[PDB]
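*Asks:* My structure is below; once you've seen it, I'll send some questions.
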Amino acid sequence: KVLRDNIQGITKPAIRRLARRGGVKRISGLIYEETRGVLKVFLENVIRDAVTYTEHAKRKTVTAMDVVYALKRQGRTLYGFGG
Amino acid sequence: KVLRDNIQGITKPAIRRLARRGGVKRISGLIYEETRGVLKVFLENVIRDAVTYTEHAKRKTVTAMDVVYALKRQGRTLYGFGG
Amino acid sequence: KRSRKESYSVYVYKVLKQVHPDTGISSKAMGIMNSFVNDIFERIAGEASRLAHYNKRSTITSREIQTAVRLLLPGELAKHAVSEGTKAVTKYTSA
Amino acid sequence: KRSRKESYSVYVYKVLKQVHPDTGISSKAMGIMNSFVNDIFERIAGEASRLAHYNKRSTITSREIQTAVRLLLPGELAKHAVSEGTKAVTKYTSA
Amino acid sequence: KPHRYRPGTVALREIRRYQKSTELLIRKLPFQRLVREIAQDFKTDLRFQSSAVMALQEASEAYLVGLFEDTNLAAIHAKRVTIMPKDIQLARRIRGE
Amino acid sequence: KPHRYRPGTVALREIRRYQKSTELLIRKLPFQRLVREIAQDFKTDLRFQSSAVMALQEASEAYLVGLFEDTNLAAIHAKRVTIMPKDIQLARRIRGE
Amino acid sequence: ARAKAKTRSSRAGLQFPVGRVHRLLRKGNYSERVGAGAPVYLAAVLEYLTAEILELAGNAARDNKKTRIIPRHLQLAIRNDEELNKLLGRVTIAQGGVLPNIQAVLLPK
Amino acid sequence: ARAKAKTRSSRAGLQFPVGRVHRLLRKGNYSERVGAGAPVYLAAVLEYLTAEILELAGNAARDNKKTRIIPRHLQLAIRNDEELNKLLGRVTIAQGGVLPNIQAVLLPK
DNA sequence: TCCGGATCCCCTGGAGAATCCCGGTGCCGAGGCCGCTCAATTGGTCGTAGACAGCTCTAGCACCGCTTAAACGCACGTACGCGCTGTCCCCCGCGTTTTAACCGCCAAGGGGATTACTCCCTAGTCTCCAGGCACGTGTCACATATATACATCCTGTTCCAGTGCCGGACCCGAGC
DNA sequence: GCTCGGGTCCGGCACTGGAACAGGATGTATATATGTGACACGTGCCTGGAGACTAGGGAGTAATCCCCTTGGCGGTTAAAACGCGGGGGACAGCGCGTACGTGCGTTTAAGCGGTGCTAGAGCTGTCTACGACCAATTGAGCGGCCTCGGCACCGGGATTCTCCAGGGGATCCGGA
């Protein structure tokens with residue numbers, strides 16, 4: 001029922017692919033865990049606002065609308081899911 | 001009234017003073033030119049917004065209030081001017 | 001049935017057929033278009049409400065709409081925008 | 001003959017006296033506080049408007065105000081602010 | 001002799017390959033596990049629409065790739081080609097978090 | 001033989017001085033002259049409230065000083081103590097202007 | 001004895017709905033009182049914005065020899081226009097990717 | 001014949017005006033209707049924020065041995081608190097100055 | 001020292017290999033058609049917000065006259081970027097093994113969403129009043145000046161260890 | 001074989017390079033004195049906030065249903081993960097040459113005080129253009145469905161990129 005470690009699910013090759021999309025051709029070995037950390041921070045920051053939007057709506061299921069609102073409040077507004 | 005060359009009106013030691021407030025220990029001699037340019041661009045943007053606000057306001061005088069608006073919609077809010 | 005849900009699909013479809021009669025759209029692209037147009041709409045409407053509150057005017061009018069699009073949209077896009085809006089106002093005024 | 005401009009100098013001066021009877025204030029610092037209270041008030045009010053807009057509520061209530069307080073204010077500021085506002089609205093309810 | 005490319009040539013090839021392409025780079029179900037894991041830390045037993053998870057996933061990859069191109073610029077600015085965690089620490093401090 | 005401080009000592013002293021002080025580092029008259037000059041290019045016959053000029057003044061020192069700690073972070077990141085124009089261009093491009 | 005029900009979008013000669021945008025401004029709570037010409041202006045502006053973005057996307061798609069526009073085409077269109085990039089710097093396109101760009105020092109000699 | 005005049009801020013027991021904030025929200029056009037407890041809650045959270053920033057200004061001023069608060073003291077208060085910095089990252093205070101901050105590599109030896 | 005062979009660096013060519021390009025094919029979202037319905041339309045009314053006229057006064061604009069603060073500028077100097085080199089080691093390329101991602105398929109049920117209802121609250125209007133704002137006044141908190149007091153920072157001065165070398169000791173060779 | 005003298009080498013000594021340390025000068029703090037104006041506090045007021053009552057409507061709540069989400073089971077493989085190497089990159093050391101730092105003399109231009117004008121900021125009364133509110137109505141816009149061709153995937157051949165193994169010149173070292 002509970003989950004305790006899924007930050008390791010963001011594997012090293014996925015981070016490598018993202019860095020290739022960022023254009024980085026050489027990645028140090030110390031990058032992966034701190035990118036996991038900054039991912040953890042960003043995810044906390046967005047989903048806290050998302051679940052706040054949800055619980056104000058008195059829902060037990062989040063909407064994608066709430067995720068869009070959380071990103072547009074944070075200054076990283078998302079196109080392609082509204083409506 | 002009508003002036004030409006006031007980009008040099010921001011003197012070099014004034015830029016040194018801003019750098020010392022910024023904690024710069026050593027400044028290249030080239031620096032003052034692009035700081036003058038960046039200052040010109042920044043003031044140009046905010047003053048375009050300000051004259052837009054005042055021109056909508058049907059005023060010939062630029063007020064501080066609209067300057068506060070122009071900065072804060074640009075994400076650079078200032079406090080202490082009645083805003 | 002279901003309660004009606006509003007979208008901007010068909011208007012953008014006429015717009016595409018005016019600018020490119022031959023090509024089509026993906027529904028993902030149309031979702032981006034709805035997000036875009038709603039985003040720009042709320043930005044300009046927020047600027048409009050901001051200006052109308054500032055000058056102590058109880059009406060929203062077109063004048064601050066040119067003000068808002070001129071302050072928000074950059075440069076040539078802004079003055080082009082003022083152009084089609086001005087001529088659209090002229091035909092709307094003349095019915 | 002003059003027309004008023006309203007301000008928050010009296011209230012901030014009072015709450016300064018309850019928190020510190022023996023301290024003064026400069027007027028330009030009070031202008032900074034005026035801008036502070038107006039800026040935070042407009043942020044909470046606009047976010048409250050968006051929350052009322054999302055769930056199709058035409059009435060603004062204290063619940064989404066409390067929601068916006070969690071939304072903007074981080075953590076400790078949020079939980080304590082929710083606490084004081086909650087106890088305050090309990091006294092207002094009893095009043 | 002089995003062929004072997006010199007280092008960086010292949011890496012540049014995945015740069016071109018993944019920069020032309022748009023398809024999603026991380027595994028979606030471990031991402032769903034991670035977002036549920038962090039989500040239950042605020043409130044218990046939340047339910048997710050798959051579209052919401054994909055959208056938040058897309059926003060997450062956008063945030064990462066943006067800070068990646070910033071740390072790429074920083075690492076070049078430090079006269080190097082390899083990014084290191086102080087480079088990205090610089091990038092996060094400059095951006096304002 | 002007369003006294004002469006080594007390089008950087010005086011610089012650190014005015015660093016401490018100007019960090020302690022809050023007064024405006026730009027002369028008011030040429031700055032407002034430049035403000036009138038640039039504003040003339042957008043609209044003729046403009047007049048200025050003085051407090052507007054000071055408000056956009058601390059806007060100018062705010063934006064400048066912010067780019068200067070950004071430039072300081074960039075410069076110390078390259079193991080250097082002297083800033084160059086590519087440092088400011090880097091800081092602006094990371095900030096996205 | 002009513003006249004023929006004519007539409008205000010046709011009165012402007014534009015395609016974006018005057019009545020819908022007018023209703024959204026009335027119910028979006030931006031003013032208590034709304035002028036007649038402002039939704040016409042706004043609809044014209046938005047229609048031109050959609051027109052120019054769709055022009056850029058269609059030109060990119062015909063460059064990419066695809067006859068149906070793609071989110072990738074939208075991203076490549078908006079990122080390659082400078083003023084739209086200034087407008088849309090802080091937004092993310094779903095399924096969009098990024099500009100093809102390698103830095104000069106990353107290239108081999 | 002009529003109840004004696006007794007304000008709503010006293011009913012809340014708060015110093016910030018319930019009536020003024022209520023009127024501002026009514027003419028701020030954020031909703032068509034307004035709940036009674038919402039401006040009370042808003043005044044409460046505003047007064048808590050202003051309260052805590054006033055103790056921060058007061059003890060920062062007392063460290064400088066000045067009984068009247070200074071914009072320099074306000075800037076020192078907001079920059080030395082992490083959560084208020086997160087609240088106030090993108091605002092600059094007039095005559096605020098900067099924190100006393102030197103990089104360690106800039107120091108001698 | 002000059003000439004001739006050896007050798008190394010660049011210079012080139014060709015093989016592998018990853019990718020682009022050209023059809024083939026089958027597939028499923030997109031566009032188009034049709035039915036419905038509800039929101040834009042049309043018309044009239046009635047109120048009211050803003051444009052305009054007009055007046056006032058005030059703050060900005062301009063000018064001038066001193067009065068130094070500092071900006072400019074030169075000159076000499078350290079120190080810092082910076083480029084080369086060298087050296088180590090870290091991470092990409094590639095191969096093999098593992099594994100869980102994912103499709104896809106099916107069950108089940110949970111709450112999202114909708115409709116009906118009835119009511120709690122609230123916008124609105126009237127009346128009245130006291131709270132906050134402009135105004136006036138005074139007054140001590142802070143700005144500034146001046147005189148000490150110490151911090152600190154660079155640099156001359158003496159100290160201490162590294163080291164070459166003066167003298168003794170040991171070993172080696174030669175003379176008796 | 002003994003003995004003695006010289007040569008040479010190493011231990012202590014003195015010479016010398018490097019570093020701890022004191023001291024002076026300057027800059028910053030700090031203590032005391034003094035004015036002054038901005039903060040604080042009393043005052044008139046009027047108008048925005050509070051009190052009473054009502055109409056009604058947005059919103060809470062009750063029922064349902066069904067759609068959407070969660071759970072679980074089997075297969076496959078692509079993705080991950082782990083190991084080897086080895087070269088490319090990180091990084092440190094070293095010289096070096098410049099490029100601001102610092103310091104002092106000068107120019108001047110910013111700043112402050114004072115004066116005069118008025119352009120426009122801003123307040124007030126009118127009233128009219130303009131637009132919210134509401135009844136009738138419809139046709140434009142949305143939901144459902146259908147068909148297909150634009151496109152995703154598959155497969156074969158061409159093409160361009162990469163990189164290392166033979167030629168061409170240049171340079172270096174040895175021999176005459």
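Residue numbering restarts at 1 in every chain; chains get A, B, ... in the order shown in the structure tokens, and ligands count up from 1 in that same order.
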Only residues of chain G matter here; which ones have an atom within 12 Å of chain D, counting only C-alpha atoms? Give them as a PyMOL selection string.
*Replies:* chain G and resi 24+27-30
*Asks:* Within 12 Å of chain C, which residues of chain I are there when counting only C-alpha atoms (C1' of nucleotides)? Please give them as a list in words.
*Replies:*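 The contacting residues on chain I are residues 29, 30, 31, 36, 37, 38, 39, 48, 49, 50, 113, 114 and 115 of chain I.
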*Asks:* For the residues in the current selection, export N, CA, C and O atoms (P, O5', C5', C4', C3', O3' and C1' of nucleotides) as a PDB file, in the first residue's frame.
*Replies:*
ATOM      1  P    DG I  29      -6.487   6.973 -32.967  1.00  0.00           P
ATOM      2  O5'  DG I  29      -6.914   8.509 -33.088  1.00  0.00           O
ATOM      3  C5'  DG I  29      -5.920   9.533 -33.185  1.00  0.00           C
ATOM      4  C4'  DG I  29      -6.156  10.449 -34.384  1.00  0.00           C
ATOM      5  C3'  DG I  29      -7.115  11.607 -34.167  1.00  0.00           C
ATOM      6  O3'  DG I  29      -6.855  12.572 -35.168  1.00  0.00           O
ATOM      7  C1'  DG I  29      -8.066  10.184 -35.706  1.00  0.00           C
ATOM      8  P    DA I  30      -6.927  14.143 -34.859  1.00  0.00           P
ATOM      9  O5'  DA I  30      -6.789  14.800 -36.312  1.00  0.00           O
ATOM     10  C5'  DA I  30      -6.827  13.956 -37.467  1.00  0.00           C
ATOM     11  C4'  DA I  30      -7.680  14.547 -38.584  1.00  0.00           C
ATOM     12  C3'  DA I  30      -8.495  15.773 -38.222  1.00  0.00           C
ATOM     13  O3'  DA I  30      -8.876  16.434 -39.423  1.00  0.00           O
ATOM     14  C1'  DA I  30      -9.951  13.971 -38.516  1.00  0.00           C
ATOM     15  P    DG I  31      -9.311  17.980 -39.419  1.00  0.00           P
ATOM     16  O5'  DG I  31      -9.881  18.212 -40.892  1.00  0.00           O
ATOM     17  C5'  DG I  31      -9.884  17.140 -41.823  1.00  0.00           C
ATOM     18  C4'  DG I  31     -11.292  16.819 -42.300  1.00  0.00           C
ATOM     19  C3'  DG I  31     -12.320  17.939 -42.149  1.00  0.00           C
ATOM     20  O3'  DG I  31     -13.220  17.872 -43.235  1.00  0.00           O
ATOM     21  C1'  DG I  31     -13.092  16.057 -41.038  1.00  0.00           C
ATOM     22  P    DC I  36     -33.418  15.798 -33.527  1.00  0.00           P
ATOM     23  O5'  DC I  36     -32.787  16.701 -32.371  1.00  0.00           O
ATOM     24  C5'  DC I  36     -32.069  16.084 -31.311  1.00  0.00           C
ATOM     25  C4'  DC I  36     -31.299  17.108 -30.496  1.00  0.00           C
ATOM     26  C3'  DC I  36     -32.131  18.273 -29.956  1.00  0.00           C
ATOM     27  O3'  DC I  36     -31.726  18.571 -28.633  1.00  0.00           O
ATOM     28  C1'  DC I  36     -30.324  19.104 -31.199  1.00  0.00           C
ATOM     29  P    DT I  37     -32.748  19.247 -27.596  1.00  0.00           P
ATOM     30  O5'  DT I  37     -31.785  19.865 -26.481  1.00  0.00           O
ATOM     31  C5'  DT I  37     -30.406  20.073 -26.780  1.00  0.00           C
ATOM     32  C4'  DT I  37     -30.008  21.527 -26.588  1.00  0.00           C
ATOM     33  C3'  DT I  37     -31.090  22.433 -26.008  1.00  0.00           C
ATOM     34  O3'  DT I  37     -30.481  23.479 -25.267  1.00  0.00           O
ATOM     35  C1'  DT I  37     -30.491  23.236 -28.096  1.00  0.00           C
ATOM     36  P    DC I  38     -30.313  23.367 -23.674  1.00  0.00           P
ATOM     37  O5'  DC I  38     -29.021  24.257 -23.368  1.00  0.00           O
ATOM     38  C5'  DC I  38     -28.002  24.394 -24.355  1.00  0.00           C
ATOM     39  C4'  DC I  38     -27.807  25.851 -24.761  1.00  0.00           C
ATOM     40  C3'  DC I  38     -28.334  26.894 -23.781  1.00  0.00           C
ATOM     41  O3'  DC I  38     -27.506  28.045 -23.843  1.00  0.00           O
ATOM     42  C1'  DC I  38     -29.388  27.192 -25.834  1.00  0.00           C
ATOM     43  P    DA I  39     -26.299  28.239 -22.802  1.00  0.00           P
ATOM     44  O5'  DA I  39     -25.464  29.460 -23.409  1.00  0.00           O
ATOM     45  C5'  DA I  39     -24.661  29.271 -24.567  1.00  0.00           C
ATOM     46  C4'  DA I  39     -24.921  30.341 -25.621  1.00  0.00           C
ATOM     47  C3'  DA I  39     -24.866  31.788 -25.144  1.00  0.00           C
ATOM     48  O3'  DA I  39     -24.353  32.587 -26.186  1.00  0.00           O
ATOM     49  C1'  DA I  39     -26.971  31.375 -26.061  1.00  0.00           C
ATOM     50  P    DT I  48     -28.418  54.947 -11.795  1.00  0.00           P
ATOM     51  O5'  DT I  48     -26.934  54.397 -11.974  1.00  0.00           O
ATOM     52  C5'  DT I  48     -26.575  53.749 -13.185  1.00  0.00           C
ATOM     53  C4'  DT I  48     -25.460  54.496 -13.884  1.00  0.00           C
ATOM     54  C3'  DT I  48     -24.924  55.707 -13.119  1.00  0.00           C
ATOM     55  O3'  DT I  48     -23.535  55.818 -13.340  1.00  0.00           O
ATOM     56  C1'  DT I  48     -25.569  56.369 -15.238  1.00  0.00           C
ATOM     57  P    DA I  49     -22.455  55.048 -12.431  1.00  0.00           P
ATOM     58  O5'  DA I  49     -21.355  54.603 -13.497  1.00  0.00           O
ATOM     59  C5'  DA I  49     -21.729  54.484 -14.861  1.00  0.00           C
ATOM     60  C4'  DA I  49     -20.533  54.627 -15.787  1.00  0.00           C
ATOM     61  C3'  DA I  49     -19.245  55.083 -15.150  1.00  0.00           C
ATOM     62  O3'  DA I  49     -18.186  54.653 -15.991  1.00  0.00           O
ATOM     63  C1'  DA I  49     -20.299  56.882 -16.351  1.00  0.00           C
ATOM     64  P    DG I  50     -16.725  55.317 -15.983  1.00  0.00           P
ATOM     65  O5'  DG I  50     -16.813  56.456 -17.098  1.00  0.00           O
ATOM     66  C5'  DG I  50     -16.760  56.087 -18.475  1.00  0.00           C
ATOM     67  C4'  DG I  50     -16.837  57.296 -19.400  1.00  0.00           C
ATOM     68  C3'  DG I  50     -15.636  58.230 -19.380  1.00  0.00           C
ATOM     69  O3'  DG I  50     -15.485  58.801 -20.661  1.00  0.00           O
ATOM     70  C1'  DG I  50     -17.530  59.428 -18.725  1.00  0.00           C
ATOM     71  P    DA I 113     -15.615  16.130 -12.184  1.00  0.00           P
ATOM     72  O5'  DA I 113     -17.163  15.952 -12.556  1.00  0.00           O
ATOM     73  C5'  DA I 113     -17.527  15.041 -13.590  1.00  0.00           C
ATOM     74  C4'  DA I 113     -19.033  14.903 -13.706  1.00  0.00           C
ATOM     75  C3'  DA I 113     -19.808  16.216 -13.628  1.00  0.00           C
ATOM     76  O3'  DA I 113     -20.702  16.305 -14.713  1.00  0.00           O
ATOM     77  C1'  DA I 113     -20.718  14.631 -12.118  1.00  0.00           C
ATOM     78  P    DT I 114     -21.346  17.717 -15.116  1.00  0.00           P
ATOM     79  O5'  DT I 114     -22.903  17.460 -14.935  1.00  0.00           O
ATOM     80  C5'  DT I 114     -23.462  16.291 -15.480  1.00  0.00           C
ATOM     81  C4'  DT I 114     -24.668  15.872 -14.691  1.00  0.00           C
ATOM     82  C3'  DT I 114     -25.695  16.975 -14.478  1.00  0.00           C
ATOM     83  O3'  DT I 114     -26.819  16.756 -15.297  1.00  0.00           O
ATOM     84  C1'  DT I 114     -25.366  15.625 -12.524  1.00  0.00           C
ATOM     85  P    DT I 115     -27.918  17.912 -15.484  1.00  0.00           P
ATOM     86  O5'  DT I 115     -28.990  17.618 -14.334  1.00  0.00           O
ATOM     87  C5'  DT I 115     -29.703  16.390 -14.330  1.00  0.00           C
ATOM     88  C4'  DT I 115     -30.659  16.327 -13.161  1.00  0.00           C
ATOM     89  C3'  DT I 115     -31.557  17.556 -12.980  1.00  0.00           C
ATOM     90  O3'  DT I 115     -32.886  17.130 -12.732  1.00  0.00           O
ATOM     91  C1'  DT I 115     -30.425  17.080 -10.970  1.00  0.00           C
TER      92       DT I 115
END
*Asks:* Could you pull out the helix (DSSP H, G or I) residues of region 3-100 of chain G, going by DSSP on the backbone, and write them as a PyMOL selection string?
*Replies:* chain G and resi 8-12+18-27+37-63+71-79+82-87
*Asks:* So that I can check the surroundings of residue 38 (chain D), please list as an NGL selection string every protein, DNA and RNA residue that reaches within 12 Å of it, counting only C-alpha atoms (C1' of nucleotides) and ignoring chain neighbours fewer than 4 positions away.
*Replies:* (:B and (79-83)) or (:D and (6-8 or 31-34 or 42-46)) or (:H and (21 or 24-25 or 28 or 42-43 or 46 or 50))
*Asks:* Can you spit out the residues from that selection as a compact mmCIF listing (two decimals), in the first residue's frame, using N, CA, C and O atoms?
*Replies:*
# COMPACT_ATOMS: atom_id res chain seq x y z
N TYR B 79 8.55 48.90 -3.66
CA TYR B 79 7.71 49.33 -2.56
C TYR B 79 8.10 50.73 -2.13
O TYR B 79 9.24 51.17 -2.32
N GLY B 80 7.14 51.44 -1.55
CA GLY B 80 7.40 52.73 -0.95
C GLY B 80 6.97 53.93 -1.77
O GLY B 80 7.41 55.05 -1.45
N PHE B 81 6.16 53.76 -2.80
CA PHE B 81 5.76 54.89 -3.63
C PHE B 81 4.25 54.90 -3.82
O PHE B 81 3.73 55.25 -4.88
N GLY B 82 3.53 54.52 -2.77
CA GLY B 82 2.09 54.54 -2.80
C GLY B 82 1.44 53.42 -3.57
O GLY B 82 0.21 53.39 -3.68
N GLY B 83 2.23 52.48 -4.10
CA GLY B 83 1.73 51.43 -4.97
C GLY B 83 0.78 50.45 -4.32
O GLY B 83 -0.16 49.96 -4.96
N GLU D 6 -6.60 57.45 0.87
CA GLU D 6 -6.63 56.56 2.02
C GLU D 6 -5.29 55.85 2.17
O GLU D 6 -4.51 55.76 1.21
N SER D 7 -5.04 55.33 3.36
CA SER D 7 -3.76 54.71 3.67
C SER D 7 -3.94 53.75 4.83
O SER D 7 -5.00 53.67 5.44
N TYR D 8 -2.87 53.01 5.11
CA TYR D 8 -2.85 52.05 6.21
C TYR D 8 -1.93 52.48 7.34
O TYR D 8 -1.53 51.64 8.15
N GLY D 31 5.37 54.07 3.94
CA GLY D 31 5.01 53.92 2.54
C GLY D 31 5.36 52.54 2.01
O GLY D 31 4.60 51.95 1.23
N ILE D 32 6.50 52.00 2.45
CA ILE D 32 6.88 50.64 2.11
C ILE D 32 5.85 49.64 2.65
O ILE D 32 5.44 48.72 1.95
N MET D 33 5.40 49.84 3.89
CA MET D 33 4.35 48.99 4.45
C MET D 33 3.03 49.14 3.71
O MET D 33 2.28 48.17 3.57
N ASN D 34 2.70 50.36 3.27
CA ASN D 34 1.49 50.55 2.48
C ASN D 34 1.54 49.75 1.19
O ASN D 34 0.58 49.04 0.85
N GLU D 42 -3.73 42.42 -2.93
CA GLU D 42 -4.11 42.19 -4.31
C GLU D 42 -3.73 40.78 -4.76
O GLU D 42 -4.45 40.18 -5.56
N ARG D 43 -2.61 40.24 -4.26
CA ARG D 43 -2.25 38.87 -4.61
C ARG D 43 -3.29 37.88 -4.10
O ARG D 43 -3.77 37.02 -4.86
N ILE D 44 -3.67 37.99 -2.82
CA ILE D 44 -4.66 37.09 -2.25
C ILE D 44 -6.01 37.28 -2.93
O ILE D 44 -6.72 36.31 -3.20
N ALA D 45 -6.37 38.52 -3.24
CA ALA D 45 -7.66 38.78 -3.88
C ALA D 45 -7.72 38.21 -5.29
O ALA D 45 -8.73 37.61 -5.67
N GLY D 46 -6.65 38.37 -6.07
CA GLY D 46 -6.63 37.81 -7.41
C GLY D 46 -6.61 36.29 -7.42
O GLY D 46 -7.30 35.66 -8.23
N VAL H 21 -11.63 46.58 4.03
CA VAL H 21 -11.22 45.46 3.19
C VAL H 21 -12.43 44.84 2.50
O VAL H 21 -12.36 44.45 1.33
N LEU H 24 -13.24 47.16 -0.35
CA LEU H 24 -12.25 47.02 -1.41
C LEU H 24 -12.47 45.75 -2.21
O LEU H 24 -12.31 45.74 -3.43
N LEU H 25 -12.82 44.65 -1.54
CA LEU H 25 -13.11 43.42 -2.27
C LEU H 25 -14.40 43.53 -3.06
O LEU H 25 -14.51 42.96 -4.15
N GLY H 28 -13.28 45.59 -5.81
CA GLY H 28 -12.13 45.06 -6.53
C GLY H 28 -12.48 44.07 -7.61
O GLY H 28 -11.58 43.62 -8.33
N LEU H 42 -9.08 37.58 5.81
CA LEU H 42 -8.05 38.29 5.08
C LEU H 42 -7.38 39.35 5.94
O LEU H 42 -6.16 39.51 5.91
N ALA H 43 -8.18 40.09 6.71
CA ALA H 43 -7.62 41.07 7.63
C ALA H 43 -6.78 40.40 8.69
O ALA H 43 -5.73 40.92 9.09
N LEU H 46 -3.43 39.33 7.07
CA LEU H 46 -2.65 40.54 6.85
C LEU H 46 -2.07 41.07 8.16
O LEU H 46 -0.90 41.47 8.20
N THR H 50 1.93 41.54 8.92
CA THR H 50 2.46 42.83 9.31
C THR H 50 3.00 42.81 10.72
O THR H 50 4.02 43.44 11.00
*Asks:* Got a sec: who's within 8 Å of residue 11 (chain E), counting only C-alpha atoms (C1' of nucleotides), leaving out chain neighbours fewer than 4 positions off, as a list in words?
*Replies:* residues 20, 25 and 26 of chain A; 7 and 15 of chain E; 92 of chain I
*Asks:* Go through chain G residue by residue and, counting only C-alpha atoms, keep those with an atom at most 9 Å from chain A; for each kept residue give the shortest atom pair and its distance in Å to one decimal, ordered by chain and increasing number, as CSV.
*Replies:*
residue,atom,partner,partner_atom,distance
G:71,CA,A:80,CA,8.5
G:90,CA,A:76,CA,5.8
G:91,CA,A:77,CA,5.0
G:92,CA,A:78,CA,4.9
G:93,CA,A:79,CA,5.0
G:94,CA,A:80,CA,5.1
G:95,CA,A:80,CA,8.2
G:97,CA,A:21,CA,8.1
G:98,CA,A:21,CA,7.7
G:101,CA,A:23,CA,7.5
G:102,CA,A:23,CA,6.3
G:103,CA,A:23,CA,7.9
G:106,CA,A:25,CA,7.5
*Asks:* Quick one: superpose chain C on chain D on all Cα atoms, same order, and give the RMSD.
*Replies:* 0.4 Å
*Asks:* Taking only C-alpha atoms (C1' of nucleotides) into account and nothing else, which residues of chain I lie no more than 8 Å away from chain H? Please answer as a ChimeraX atom specification.
*Replies:* /I:122-123,129-130,141
*Asks:* Restricting the output to N, CA, C and O atoms (P, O5', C5', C4', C3', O3' and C1' of nucleotides), write the selected residues as a short mmCIF file (atom, residue, chain, number, x, y, z; two decimals), in the first residue's frame.
*Replies:*
data_model
loop_
_atom_site.label_atom_id
_atom_site.label_comp_id
_atom_site.auth_asym_id
_atom_site.auth_seq_id
_atom_site.Cartn_x
_atom_site.Cartn_y
_atom_site.Cartn_z
P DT I 122 -22.79 35.97 3.43
"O5'" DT I 122 -22.57 36.56 1.97
"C5'" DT I 122 -23.42 36.15 0.92
"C4'" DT I 122 -24.25 37.30 0.40
"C3'" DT I 122 -23.83 38.68 0.93
"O3'" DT I 122 -23.97 39.63 -0.09
"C1'" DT I 122 -26.07 38.39 1.29
P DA I 123 -22.68 40.37 -0.68
"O5'" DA I 123 -23.27 41.25 -1.87
"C5'" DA I 123 -24.01 40.63 -2.89
"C4'" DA I 123 -25.22 41.47 -3.25
"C3'" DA I 123 -24.97 42.97 -3.27
"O3'" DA I 123 -25.58 43.53 -4.41
"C1'" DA I 123 -26.72 42.45 -1.73
P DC I 129 -27.37 59.22 15.54
"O5'" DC I 129 -25.89 58.81 15.97
"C5'" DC I 129 -25.52 57.44 16.01
"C4'" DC I 129 -24.08 57.25 15.55
"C3'" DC I 129 -23.10 58.33 16.00
"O3'" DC I 129 -21.86 57.73 16.35
"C1'" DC I 129 -22.98 58.12 13.69
P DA I 130 -21.59 57.26 17.86
"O5'" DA I 130 -20.06 56.79 17.87
"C5'" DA I 130 -19.66 55.62 17.17
"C4'" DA I 130 -18.43 55.87 16.30
"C3'" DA I 130 -17.26 56.60 16.96
"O3'" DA I 130 -16.06 56.17 16.36
"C1'" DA I 130 -17.98 57.84 15.14
P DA I 141 13.77 60.76 21.80
"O5'" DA I 141 14.02 60.04 20.39
"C5'" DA I 141 13.26 60.44 19.27
"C4'" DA I 141 13.87 59.98 17.95
"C3'" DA I 141 15.03 59.00 18.04
"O3'" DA I 141 15.02 58.18 16.86
"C1'" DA I 141 15.79 61.20 17.43
#
*Asks:* Can you tell me which residues surround residue 40 (chain B) at a distance of at most 12 Å, considering only C-alpha atoms (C1' of nucleotides), apart from same-chain residues fewer than 6 positions away, and format the answer as a ChimeraX atom specification?
*Replies:* /B:6-10,33-34,46-48 /F:31,34-35,37-39,60,63-64
*Asks:* Which residues of chain F have any atom within 8 Å of an atom in chain E when counting only C-alpha atoms, and what is the closest pair of atoms for each, with the distance in Å to one decimal? Order the rows by chain and rising number and write it as CSV.
*Replies:*
residue,atom,partner,partner_atom,distance
F:70,CA,E:94,CA,6.1
F:73,CA,E:90,CA,7.1
F:74,CA,E:90,CA,7.6
F:77,CA,E:78,CA,6.8
F:78,CA,E:78,CA,4.7
F:87,CA,E:77,CA,7.9
F:90,CA,E:73,CA,7.6
F:91,CA,E:94,CA,7.4
F:94,CA,E:70,CA,6.0
F:95,CA,E:95,CA,6.0
*Asks:* What's the separation between CA of residue 60 (chain C) and CA of residue 48 (chain C), in Å to one decimal place?
*Replies:* 7.0 Å
*Asks:* Tell me, how big is the Cα RMSD between chain F and chain E, fit done by least squares on all Cα paired in order?
*Replies:* 0.4 Å
*Asks:* Would you kindly return, as number ranges by chain, each protein, DNA or RNA residue with an atom no farther than 10 Å from any atom of residue 81 (chain G), considering only C-alpha atoms (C1' of nucleotides) and excluding same-chain residues fewer than 6 positions away?
*Replies:* G: 53, 56, 87
*Asks:* Counting only C-alpha atoms (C1' of nucleotides), a student should be able to say which residues of chain E come within 10 Å of chain J; what is the right answer, written as a list in words?
*Replies:*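 Putting it all together, I get residues 3, 4, 5, 6, 7, 8, 9, 27, 47, 48, 49, 50, 80, 81 and 82 of chain E.
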